[PDB]
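Trainee: 3D, please:
(8 chains, ligands or ions: 43)
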Amino acid sequence: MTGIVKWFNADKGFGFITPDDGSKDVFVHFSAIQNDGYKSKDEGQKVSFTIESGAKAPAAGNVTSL
Amino acid sequence: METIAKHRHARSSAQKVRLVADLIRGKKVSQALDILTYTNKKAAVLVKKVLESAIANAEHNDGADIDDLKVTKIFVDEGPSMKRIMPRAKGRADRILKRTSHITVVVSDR
Amino acid sequence: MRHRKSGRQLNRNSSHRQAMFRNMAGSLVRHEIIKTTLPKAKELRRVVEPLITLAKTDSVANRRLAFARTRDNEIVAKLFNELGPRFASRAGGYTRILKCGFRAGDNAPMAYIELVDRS
Amino acid sequence: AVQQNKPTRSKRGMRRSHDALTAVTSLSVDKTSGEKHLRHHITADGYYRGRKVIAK
Amino acid sequence: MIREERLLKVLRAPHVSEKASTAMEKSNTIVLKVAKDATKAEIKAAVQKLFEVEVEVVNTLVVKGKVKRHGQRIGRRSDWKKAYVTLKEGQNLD
Amino acid sequence: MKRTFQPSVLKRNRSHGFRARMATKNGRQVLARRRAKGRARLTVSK
RNA sequence: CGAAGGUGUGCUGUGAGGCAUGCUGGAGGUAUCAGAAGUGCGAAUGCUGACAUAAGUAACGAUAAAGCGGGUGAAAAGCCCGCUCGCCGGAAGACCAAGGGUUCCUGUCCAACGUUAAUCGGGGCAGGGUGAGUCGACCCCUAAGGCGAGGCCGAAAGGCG
RNA sequence: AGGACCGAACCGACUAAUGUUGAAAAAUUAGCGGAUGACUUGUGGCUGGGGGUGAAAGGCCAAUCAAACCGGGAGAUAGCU
Ligand SMILES: [Mg+2]
Ligand SMILES: [Mg+2]
Ligand SMILES: [Mg+2]
Ligand SMILES: [Mg+2]
Ligand SMILES: [Mg+2]
Ligand SMILES: [Mg+2]
Ligand SMILES: [Mg+2]
Ligand SMILES: [Mg+2]
Ligand SMILES: [Mg+2]
Ligand SMILES: [Mg+2]
Ligand SMILES: [Mg+2]
Ligand SMILES: [Mg+2]
Ligand SMILES: [Mg+2]
Ligand SMILES: [Mg+2]
Ligand SMILES: [Mg+2]
Ligand SMILES: [Mg+2]
Ligand SMILES: [Mg+2]
Ligand SMILES: [Mg+2]
Ligand SMILES: [Mg+2]
Ligand SMILES: [Mg+2]
Ligand SMILES: [Mg+2]
Ligand SMILES: [Mg+2]
Ligand SMILES: [Mg+2]
Ligand SMILES: [Mg+2]
Ligand SMILES: [Mg+2]
Ligand SMILES: [Mg+2]
Ligand SMILES: [Mg+2]
Ligand SMILES: [Mg+2]
Ligand SMILES: [Mg+2]
Ligand SMILES: [Mg+2]
Ligand SMILES: [Mg+2]
Ligand SMILES: [Mg+2]
Ligand SMILES: [Mg+2]
Ligand SMILES: [Mg+2]
Ligand SMILES: [Mg+2]
Ligand SMILES: [Mg+2]
Ligand SMILES: [Mg+2]
Ligand SMILES: [Mg+2]
Ligand SMILES: [Mg+2]
Ligand SMILES: [Mg+2]
Ligand SMILES: [Mg+2]
Ligand SMILES: [Mg+2]
Ligand SMILES: [Mg+2]
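Mentor: Numbering: from 1, shown residues only, chains lettered A, B, ... in the order given. Ligands and ions are numbered 1, 2, ... in the order given. Please find the structure below.
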C-alpha cells in the first residue's frame, strides 16, 4: 500500500517510501523463503514417509523367499 | 534495420510457445497478427503483445514502415525455473517445475 | 455405438439436462437472444421450437402442457400471447444459431441463439 | 512399466514431429464492414454476411 | 490521592477513528490511547484533573499488536491499551 | 485417524516448561546446555 | 601497448604435456634451481548443487448440478447483482470449550500462493476493530496427585514423608 | 429384573469391491457386531527402558519395540563387500 514508508507523514497524510521492501525481488525473496523451506522439508519427508513400501514383499516376495 | 522486442521471464513453457512461434516465422506482420488473433492459445497472446511491441519500437525508434515489416527472427529460450512442491500419497514429495521463457521477436524491413 | 440415435448427453444426467434446457428455454423466451455453447444451442432448438408450435393453438390444455415443460407462467404467457401470432405463418425454423467464437475460460465454441422475429 | 534406457532428443523430435499447429488458412472478409473474421463466424462488431446481427 | 506525575504519564494520545467520532458525538465518550499499566481510577483521575472535566465511567480494553513483515523479516507491533471515557452530559472537550 | 499430538498448553508447560525444568537437577542441566549452544527459545514457555 | 581465468586455432614432444597467438576478460601472474604437499577421479546403490528423461503424459482431491441476463474490468465458465435449478437440513444450520492466534471488517493490488483464469480470496499492502461490579478467569475451597520446614533414610546426587 | 432382545447416536472392525506414485504412511462404499454395561467419553494425574503396562498377541510405551528415543564412549569392531 505504501511500499515501505521509511516514514509516513501524518502532518499531511503522505509517506516517504524508499525501500524496495515489497518489490518483486522481495517477492522472489519470499519465493526463496518457501523455496528452501520446502526443499529441506521435501528431503525430510521422503525420509520419514516412503517407509512402508511392501515392494512385493508382504505377499509375493515372501512366498518367493521360501 | 532489425528491431528486437523481448518478453523475458514469460510465465509459460518454451515448448508450448515454440508451437506458436513457428507459425509466424518469415511472415509479414499483418499476417502474423491475424494468425495470432485467430489462434486460441495463450502463447499467441504473449507473442502477439511482443510483436506489437516490436512494431511500435521499429516505428518510434527506427522510422520503419509498417507495411514492409517482416518477422525475420523469432525464438524462445528457456527461462529460470521456479520450483514448487506438490505432495503425493504416502508422504512422498515431488518437485514440480514452473517453467518460464524468454520470448524474442526480431522484425525488420528485410 | 451411436447408430441412428439422437440427443446429446452433454456429460450430464437426464434430470440435469432436462432442467438445464428448461431454464435455457425460459431465458431464450425471456430475452429472445442468448449466448451459450453451440451444442447446447443445437439441442435447445429441439426444445424451444416445439414450444412455439404448441403455442400456436391457445388452449387451456396447451397452457398446462407448456407449464409442465417450462414451469413459468410468464413464459407461457409470452408464448401464447406474443410468439404464437408472431410465428403463426412460419413452417418451423423459429430460431437462428450464430457462431460467435471461443470462450476465454476453456476455449469452448460459443454461439448466439436468437429468435428469427426479434428485430 | 518404465524405461530401461534414456530416449534421445532425436526420438523426442520425431515424436514432436506431428505436434505442430496448423495456422488458419484464410480469413473471410465481411462484405459490408469490410473487416476480417472467421468463415461462418460473426465479426467482432456484430456483422455477419452483411447485416448487424447484434449491437455491442 | 494519586500522584500528579503518574497522572501525567498515564495518558498517551487521543485515538482518532470513525467509532471514536461516533461515540464522541452520540454517547459523549472520548477514546484514548493510554499507558498499558494504567488502571481505570488513574484514568478517571487524570481526565478529571488534567482536563478539569467530569468523568462518568471508564471502560478499558487491551489492543493486541499485529505481526508485520518489513521486507521478509518478521516483526510484531506493541500491545497497547484503549480507554472509552464517558463524559457527563454538558461537559465539552476539544 | 487420531494422531499423536493433541495439544494442551497446560500439559505442555507442566511437562516441558521452565519451572518443570528448574525443579530438578537434570532439568537445570538442560537449560545450561541450551544457553551454551545459544538457543533463542530456551524452553517451551511462552 | 591488457594478468589470471574462459573459448578457439596453429605448432611441437614417445607420453603425462608444452609453446605461440585470435576473441572475451579487466588485474594480477611468475622463470630457473631447490623445498613442502589437503598433488591429479568415471565408477564407491559416493556427498552437494544444477539440468535432462519418461512428457507436455498421468492428474487437477468425493458423480450435491448447474443455466441465462446485466455490471465491473485490459480481459469473466469461476467476482458482484438478479431470476431460475439442484444439495444439506439431529447438518453440509447455529453457539462454545480445547487448540490456533488477527485468519475479523473496510480500502487497494494480482507478481507469488490458490492444482485453471482471476477483477476474487483465509494471498500481499495500509488502516480500523475486541468496551463487563452480574459471562468466564483471577479469587475462597479441596480430590487424585505433586512439592515439601523440620524429620527419617541413603556413597554423593538424592528417596519418602 | 437382566454382563436380557431388536435397533440409531456412540464404540468396534466380520466380508467384498475400489484404491495401492492413494482423497488417506490403513481409508472410502455397500453390508456387519455390541449398544444399561466386564459400557463409553472429556479433563487432569501416576507408572520409565531389561523398566512400565498387559482379559497375554512378545501385544503397546509419540507413524519406531524379542528391549524406545536423544546425546556421548565412538572414527566400536568388520579375516566381509
Ligand atoms: Mg500424511
Ligand atoms: Mg439422425
Ligand atoms: Mg468432462
Ligand atoms: Mg432422479
Ligand atoms: Mg538394464
Ligand atoms: Mg505429440
Ligand atoms: Mg475488560
Ligand atoms: Mg585481448
Ligand atoms: Mg588461458
Ligand atoms: Mg585470455
Ligand atoms: Mg594466485
Ligand atoms: Mg586427494
Ligand atoms: Mg575407476
Ligand atoms: Mg559417484
Ligand atoms: Mg516433458
Ligand atoms: Mg506414454
Ligand atoms: Mg493418454
Ligand atoms: Mg486425463
Ligand atoms: Mg475439485
Ligand atoms: Mg455470467
Ligand atoms: Mg464452477
Ligand atoms: Mg448467483
Ligand atoms: Mg433435498
Ligand atoms: Mg437424517
Ligand atoms: Mg496476516
Ligand atoms: Mg474476510
Ligand atoms: Mg493476470
Ligand atoms: Mg493462478
Ligand atoms: Mg487477507
Ligand atoms: Mg473462588
Ligand atoms: Mg487452596
Ligand atoms: Mg496433599
Ligand atoms: Mg529437609
Ligand atoms: Mg514428598
Ligand atoms: Mg444386552
Ligand atoms: Mg461401514
Ligand atoms: Mg443391538
Ligand atoms: Mg509366539
Ligand atoms: Mg508405535
Ligand atoms: Mg532398553
Ligand atoms: Mg539388549
Ligand atoms: Mg573406545
Ligand atoms: Mg565405523
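
Trainee: all contacts plus neighbour counts: C-alpha atoms, from now on.
Mentor: Will do.

Trainee: how close does the residue nearest to the spatial centre of chain D sit to residue B:24?
Mentor: In chain D, the residue lying closest to the centroid (Cα atoms, centre = their mean) is residue D:24, at 4.9 Å. Separation of residue D:24 from residue B:24 (Cα to Cα, to the nearest Å): 11 Å.

Trainee: Residue B:45 touches residue B:38, doesn't it?
Mentor: No. Using Cα atoms under 8 Å, residue B:45 is not in contact with residue B:38, being 10.2 Å away.

Trainee: what about the residue in chain C positioned nearest to chain A, how many neighbours?
Mentor: Among all residues of chain C, residue C:105 sits closest to chain A, at 27.4 Å; criterion: Cα to the nearest Cα. By other Cα atoms under 10 Å in any protein chain shown, 6 other residues sit near residue C:105.

Trainee: Return the set of buried residues in stretch E:15-27.
Mentor: Neighbour counts over stretch E:15-27 (16 or more other Cα atoms under 10 Å in any protein chain shown) mark E:15, E:20, E:21, E:23, E:24 as buried.

Trainee: mind checking how far it is from the chain centre?
Mentor: 12 Å (Cα atoms, centre = their mean, to the nearest Å).

Trainee: Tell me the spacing between the residue lying closest to residue D:44 once chain neighbours are set aside and residue D:48.
Mentor: With Cα to Cα, 6 or more residues apart in numbering or on different chains as the criterion, residue D:44 has its nearest non-adjacent residue at 7.6 Å, and that residue is residue D:37. Per Cα to Cα, residue D:37 is found 9 Å from residue D:48.

Trainee: All the strands of the chain, residue numbers only.
Mentor: Unless you meant another one, I'm taking chain A. Using DSSP state E, the strands found in chain A span residues A:7-9, A:14-16.

Trainee: actually it's chain B I care about, not the one you picked
Mentor: Using DSSP E, strands in chain B cover B:3-10, B:70-78, B:82-87, B:93-98, B:101-108.

Trainee: Now render these as a markdown table, adding mean neighbour count.
Mentor: As requested, the strands of chain B are arranged in a markdown table below (neighbours: other Cα atoms under 10 Å in any protein chain shown):
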| stretch | mean neighbour count |
| --- | --- |
| strand B:3-10 | 19 |
| strand B:70-78 | 19 |
| strand B:82-87 | 15 |
| strand B:93-98 | 14 |
| strand B:101-108 | 24 |
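
Trainee: Relative to chain D, which of the ones you listed is closest?
Mentor: Once the strands of chain B are compared by Cα to the nearest Cα, strand B:70-78 is nearest, at 15.5 Å.

Trainee: now the residue nearest to the centre of chain D: how far from residue B:7?
Mentor: 25 Å.

Trainee: just residue C:90 next, same as before
Mentor: For residue C:90, the distance to residue B:7 - Cα to Cα - is 56 Å.

Trainee: on that earlier part again, could you dump the strands of chain A to CSV with distance to residue C:4?
Mentor: Below are those laid out as CSV (distance: least, Cα to Cα, whole Å):
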stretch, distance to residue C:4
strand A:7-9, 75
strand A:14-16, 74
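
Trainee: So for residue A:52, which of the ones you listed sits nearest?
Mentor: Closest to residue A:52 of the strands of chain A, according to Cα to Cα: strand A:7-9, at 56.1 Å.

Trainee: Quick one: list the elements packing against the closest one.
Mentor: Using 3 or more Cα pairs under 8 Å, 6 or more residues apart in numbering or on different chains; DSSP states H and E as the contact test, the elements touching strand A:7-9 are strand A:14-16.
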